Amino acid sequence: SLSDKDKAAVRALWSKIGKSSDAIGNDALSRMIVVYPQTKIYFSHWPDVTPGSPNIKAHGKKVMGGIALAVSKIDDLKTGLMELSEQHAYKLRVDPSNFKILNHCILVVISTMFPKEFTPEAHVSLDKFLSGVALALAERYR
């Protein structure tokens, strides 16, 4: 679970990098589809699962909107994401394993984009939080 320290760390970092969340998302998803090719199967319903694609840029903006929501619900992510979870659970049926993948791509994006901000202390608490989100999303899987 997230500590007060953890909680203060994600908020200060989210407070710091939140401006460029639209770019963070596009780059993360891009990275996901290119490095973890297996993940494209979930976007086969699209005609163009390609880096920076028209559509790719969109779900990316989508995903980081869910990350910012998660920051604002950080004291009870499980309740804060019941809707997000019902969608990947019930509607998309995305293996939780991929949440892990995306998370590693997200750390890389932010590390590239905000190297001074992404200290090892920012990292461990942020990694604690993204694992925290993944489990909230898994909430209605089984």
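When you see a residue number, it is the position in the sequence shown, counting from 1. What we label the rigid core is the largest C-alpha set whose atoms superpose within 1.5 Å from one form to the other.
Q: Once the rigid core is matched, which of the two stretches, 108-116 or 44-52, lies farther off on average in 6 other deposited structures of this protein by C-alpha?
A: More C-alpha displacement in 6 other deposited structures of this protein shows up in 44-52.
Q: Determine, for 88-96 and 70-78, which one has C-alphas that on average lie farther from this form in 6 other deposited structures of this protein; superpose on the rigid core first.
A: If we average over structures and residues in 6 other deposited structures of this protein, the farther stretch is 88-96.
Q: Out of 16-24 and 123-131, which stretch has the higher average CA B-factor listed in the record?
A: It is 16-24 that shows the higher mean C-alpha B-factor.
Q: Tell me which stretch, 34-42 or 88-96, has the higher mean Cα B-factor listed in the entry.
A: 88-96 has the higher mean C-alpha B-factor.
Q: Please work out which residue in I67, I74, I56, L107 has the highest C-alpha B-factor recorded for this crystal structure.
A: Top of the list by C-alpha B-factor: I56.
Q: Please say which third, lowest, middle or highest, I101 falls into when its CA temperature factor is compared across its chain.
A: Tercile = lowest for this residue's CA B-factor.
Q: According to the PDB entry, is the CA B factor of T112 in the bottom, middle or top third of its chain, that is, lowest, middle or highest?
A: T112: CA B-factor falls in the middle third of its chain.
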